[PDB]
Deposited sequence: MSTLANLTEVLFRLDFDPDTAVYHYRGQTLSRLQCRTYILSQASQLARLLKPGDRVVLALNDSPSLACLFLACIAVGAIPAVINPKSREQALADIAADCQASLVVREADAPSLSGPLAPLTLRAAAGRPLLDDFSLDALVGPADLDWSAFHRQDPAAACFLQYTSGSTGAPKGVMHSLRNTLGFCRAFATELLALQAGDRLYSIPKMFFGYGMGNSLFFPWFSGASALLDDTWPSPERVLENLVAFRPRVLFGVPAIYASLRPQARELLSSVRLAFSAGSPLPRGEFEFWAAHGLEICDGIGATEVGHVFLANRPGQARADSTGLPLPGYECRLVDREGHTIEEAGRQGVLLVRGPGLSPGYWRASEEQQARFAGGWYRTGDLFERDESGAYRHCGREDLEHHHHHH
């Protein structure tokens, strides 16, 4: 059945009066955001035809997340990238996906070059909701817009760009719901009302799931912060927001050690991704009564696909494949490794798997060969089935 991801999220059975995003000491409800998204969608539909690409070079904010979903609502294909990207990096990405539109921070330069996109800027003053000058460009919004562009659930509806010539990972309605269900429901069992805080930003796939999607998907809420996460800023946000679920990385947990007491006041579920969690970090927080759950995700797989399960986490370990995912280890001749304590390259398939790169040579697309994503990570398995990272392929 033809569907639209934003519409599907809006139909999930959660109280429309509960928080969905927090920003600068303010709170926006699901109903407030839906109302704004549809209004903004009414304007974007005047500017973009179905399928047109859009690059958002913005700091984390409710307007970013909503604008992202408004693009999808009208059938556009958005991508969220570092707002402090070098000018050439932003052009290389916008060229790769042939963007029609780029939305940037206030005072940002215009994009140039062959077929350069239209550049619109956010408003100064960091308002809770931003029209990104759409009011002046296409006029005010419709009042009761609902003209969702519905497409095959397997089709691309947004992109994720992770040193080389940039590549765009396609994500579809189907595999996006796939990686949310596996991680937010089956692994973490997030609850309605759960206050989430992801330190990695939404231009990182990890952060896009944590902050953008999971609030809608599970009825939870996420703190959004448009300033860079220094330990000083992270702690103040911890004290003001008191999240129940923290999404961090190993160095973040290392830097939070001198503030263990403040974190323990609210955080009941601590997650780490991006790189291996050292045993030393796992045990320091265990001594303070905090379990840190290490899991691996990759842009090409949507989110975390192999992780320590809450309440059963172990030091120096990446845990188990999430439900629905299958993991395989291959030796240097492409043969599947069955033994434990024998390292090989990790391949994965499952609900979160991307259908491919937006624009790529056949060699690049070969990373998805055979229905598996080749992580390029060396892994070994132990007798319990749990995986441990062993380096990179060569």
Missing segments of the deposited chain sequence, listed N- to C-terminal:
1-2, 165-167, 400-407
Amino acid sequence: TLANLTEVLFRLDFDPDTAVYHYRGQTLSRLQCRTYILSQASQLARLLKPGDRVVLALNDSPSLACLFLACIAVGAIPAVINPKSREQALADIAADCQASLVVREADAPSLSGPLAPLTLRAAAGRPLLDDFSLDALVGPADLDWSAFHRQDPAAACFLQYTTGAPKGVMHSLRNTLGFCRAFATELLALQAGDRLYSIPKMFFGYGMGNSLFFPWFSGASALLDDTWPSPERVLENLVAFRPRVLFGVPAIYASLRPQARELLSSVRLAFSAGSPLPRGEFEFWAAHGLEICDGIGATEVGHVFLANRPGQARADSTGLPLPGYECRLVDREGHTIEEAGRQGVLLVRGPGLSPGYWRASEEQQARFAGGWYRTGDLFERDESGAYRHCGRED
From here on, numbers count along this sequence of modelled residues.
Checking the other PDB entries that cover both flanking residues: does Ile77 lack coordinates in at least a third?
no
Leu115: absent from a third or more of the other PDB entries compared?
yes
Mean C-alpha B factor from the entry: is it higher for 223-231 or for 245-253?
223-231
For the stretches 54-62 and 350-358, which has the higher mean C-alpha B-factor as given in the deposited record?
54-62
So among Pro140, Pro276, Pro78, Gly178, who wins on Cα B-factor in the entry?
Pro140
Take the CA temperature factors straight from the PDB entry and tell me which of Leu263, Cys157, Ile292, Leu212 peaks.
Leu263
Chain thirds of CA B-factor: placement of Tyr21:
lowest
Ranked C-alpha temperature factor of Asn82 among modelled chain residues, by third:
middle
Assigned third (lowest, middle, highest) for the C-alpha B factor of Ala369:
highest
If you rank the chain by CA B-factor, which third does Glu300 end up in: lowest, middle or highest?
lowest
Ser133 - Cα temperature factor, lowest/middle/highest third of chain:
middle
